[PDB]
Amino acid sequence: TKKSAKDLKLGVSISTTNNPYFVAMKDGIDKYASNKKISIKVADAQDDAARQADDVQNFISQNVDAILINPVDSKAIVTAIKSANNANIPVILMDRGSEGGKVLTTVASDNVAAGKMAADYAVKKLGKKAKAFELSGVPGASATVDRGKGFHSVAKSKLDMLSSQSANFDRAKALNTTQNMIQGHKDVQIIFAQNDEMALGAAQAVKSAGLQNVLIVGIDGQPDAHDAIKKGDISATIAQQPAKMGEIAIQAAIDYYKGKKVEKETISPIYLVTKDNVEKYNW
């Protein structure tokens, strides 16, 4: 099976586009696509596991040559993956994994390591036994179970947890969640958000309650998050590479149809971004 990279039809299923991170992914994907002459159709799922399933079959009937999927639920996507497996359409996973199904390659970070660096930053900045919140994400996404595991590794010891509720990777839900979390625990010192949308939402809740020394740590490295660090609204973020993610996914589809072997796993590098680092690792 060797098709031409020129005029290659690819489907791209992104969970939601309300998130700047997954917008940066789309934009970097289309830039790579047009640079190597790949025809591409992106389909937003709006954090729906069923709209994604229908978005997969629409690509399947579009007769695309590969489907770049960013799952919303890592368990529910498996059924649709076997559907593309039967149609002999290679599946490439991005940012989040899946619990089963035949996948050509997976491009994503070490989300366990991402949780690692956030607790390490808190313990290194605010000492040990410091009172902290966690803002978890979509419970069915592999990125939130891994970020929570890697965080609590260095958080069972060295840190005191007041709460751990989820805001589903959403600014607004995190704003409300944080505000209520503060009401109970006025003595909070650190807030860990598994994504920058929640970090930015916690920052508004912290400053609306008049708290002045609550260190905030996020994950993604989004342009606005660099700006909050300079403005002092948050303290650090764990940078990801959303564009470089979807661009080594596209090249994997090209390399597959080129008769070249592609790695089953590709770990995207992550980086800490503090007030001294704000100029680096930007998307």
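Residues carry their position along the shown sequence, with the first being 1.
Student: Tell me which stretch has the larger mean Cα B-factor in this entry, 218-226 or 25-33.
Tutor: Averaged over C-alpha atoms, the B-factors run higher in 25-33.
Student: Test of understanding: from the entry's C-alpha B-factors, which stretch has the higher mean, 176-184 or 114-122?
Tutor: The stretch with the larger average C-alpha B-factor is 176-184.
Student: Checking the record values for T106, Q212, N195, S153, which has the greatest CA B factor?
Tutor: Among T106, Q212, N195, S153, the PDB entry lists the largest C-alpha B-factor for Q212.
Student: Out of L68, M245, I238, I38, which shows the largest CA B-factor listed in the entry?
Tutor: Result of the comparison over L68, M245, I238, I38: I38.
Student: Considering only modelled residues of the same chain, in which third does the CA B-factor of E134 rank: lowest, middle or highest?
Tutor: Answer is lowest: the recorded C-alpha B-factor places it there.
Student: Can you work out whether the C-alpha temperature factor of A143 puts it in the lowest, middle or highest third of the chain?
Tutor: Its C-alpha B-factor belongs to the lowest third of this chain's values.
Student: Which third, lowest, middle or highest, does the C-alpha temperature factor of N88 belong to within its own chain?
Tutor: Tercile = highest for this residue's CA B-factor.
Student: Is the Cα B-factor recorded for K128 in the lowest, middle or highest third of its chain?
Tutor: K128: CA B-factor falls in the highest third of its chain.
Student: Lowest, middle or highest third of the chain for the C-alpha temperature factor of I234?
Tutor: It belongs to the lowest third of the chain when residues are ordered by C-alpha B-factor.
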